[PDB]
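Asker: So that we are looking at the same thing, I have put the structure below in structure tokens.
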Amino acid sequence: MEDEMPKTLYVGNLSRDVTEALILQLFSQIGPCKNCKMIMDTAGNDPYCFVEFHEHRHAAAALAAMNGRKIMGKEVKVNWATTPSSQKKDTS
């Protein structure tokens with residue numbers, strides 16, 4: 001059941017004035033970040049960011065430390081984004 005242990009954090013409730021440099025720094029304060037994608041939405045949706053850690057045990061600390069955190073002028077939400085090692089049935 002290691003598949004249920006994702007190292008990717010699904011942070012939503014972002015804003016265009018919330019710089020990626022700041023977000024990254026916050027997570028680097030918790031654990032070694034591996035990858036980071038701030039989904040700059042074009043259509044007018046809720047912006048979210050995919051932050052991956054090298055260390056799942058560290059990612060757990062980042063969750064509680066950043067989830068519900070007020071940044072700039074919004075309350076962010078850090079959820080567990082399951083990281084598939086293989087087999088994606090989702091078309092996107």
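Just remember, in the structure tokens the first chain shown is A, the second B, etc., residues are 1-based per chain, and ligands are 1-based in the order shown.
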Using only C-alpha atoms, determine which residues lie at most 12 Å from residue 83 of chain A, disregarding the query and same-chain residues fewer than 6 positions distant; provide the list as a ChimeraX atom specification.
Answerer: /A:2-10,50-53,56
Asker: Determine which residues of segment 2-88 of chain A DSSP labels as alpha helix (DSSP H) from the backbone of this structure, then write them out as number ranges by chain.
Answerer: A: 20-28, 56-66
Asker: Any chance you can output those residues with C-alpha atoms as a compact mmCIF listing (two decimals), in the first residue's frame?
Answerer:
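Output saved as selection.txt:
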```
# COMPACT_ATOMS: atom_id res chain seq x y z
CA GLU A 20 6.42 30.54 -6.62
CA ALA A 21 9.66 31.65 -4.99
CA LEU A 22 7.89 32.14 -1.66
CA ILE A 23 5.90 28.91 -1.82
CA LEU A 24 9.05 26.93 -2.63
CA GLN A 25 10.95 28.52 0.25
CA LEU A 26 8.21 27.53 2.69
CA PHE A 27 8.42 23.88 1.65
CA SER A 28 12.24 23.89 1.53
CA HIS A 56 7.54 11.52 2.35
CA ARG A 57 8.16 11.67 6.11
CA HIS A 58 9.11 15.33 5.70
CA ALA A 59 6.19 16.03 3.38
CA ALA A 60 3.83 15.07 6.20
CA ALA A 61 5.17 17.96 8.27
CA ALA A 62 4.76 20.36 5.35
CA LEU A 63 1.11 19.35 5.04
CA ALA A 64 0.06 20.50 8.51
CA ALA A 65 2.42 23.48 8.49
CA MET A 66 1.08 24.89 5.22
```
Asker: Expressed in Å to a single decimal, how great is the separation between atom CA of residue 36 of chain A and atom CA of residue 49 of chain A?
Answerer: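 Taking atom CA of residue 36 of chain A and atom CA of residue 49 of chain A, their separation equals 7.2 Å.
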Asker: Return the single residue from A:35, A:85, A:45, A:79 that is closest to residue 15 of chain A, with distances computed using only C-alpha atoms.
Answerer: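 Using only C-alpha atoms, residue 15 of chain A sits closest to A:45.
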Asker: Enter the distance from atom CA of residue 54 of chain A to atom CA of residue 34 of chain A, in Å, rounded to one decimal.
Answerer: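 About the pair atom CA of residue 54 of chain A and atom CA of residue 34 of chain A: they are 5.4 Å apart.
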Asker: I'd like the contact shell of residue 76 of chain A - 10 Å cut-off, only C-alpha atoms, skipping same-chain residues fewer than 4 positions apart - returned as a list in words.
Answerer: residues 11, 12, 13, 14, 15, 48, 66, 67, 68, 69, 70, 71 and 72 of chain A
Asker: For residue 30 of chain A, which residue out of A:75, A:46, A:55, A:90 is the nearest one, using only C-alpha atoms?
Answerer: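 Closest to residue 30 of chain A of all the choices is A:55.
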Asker: If I take atom CA of residue 42 of chain A and atom CA of residue 78 of chain A, how far is one from the other in Å, to one decimal?
Answerer: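 Interatomic distance, atom CA of residue 42 of chain A to atom CA of residue 78 of chain A: 21.6 Å.
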Asker: Between A:18, A:41, A:32, A:89, which has the minimum distance to residue 74 of chain A (counting only C-alpha atoms)?
Answerer: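 So, comparing all the options, the nearest one is A:18.
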Asker: Give the strand (DSSP E or B) residues of chain A, as assigned by DSSP on the backbone, as a ChimeraX atom specification.
Answerer: /A:8-12,33-39,48-53,70-71,74-75,77-81
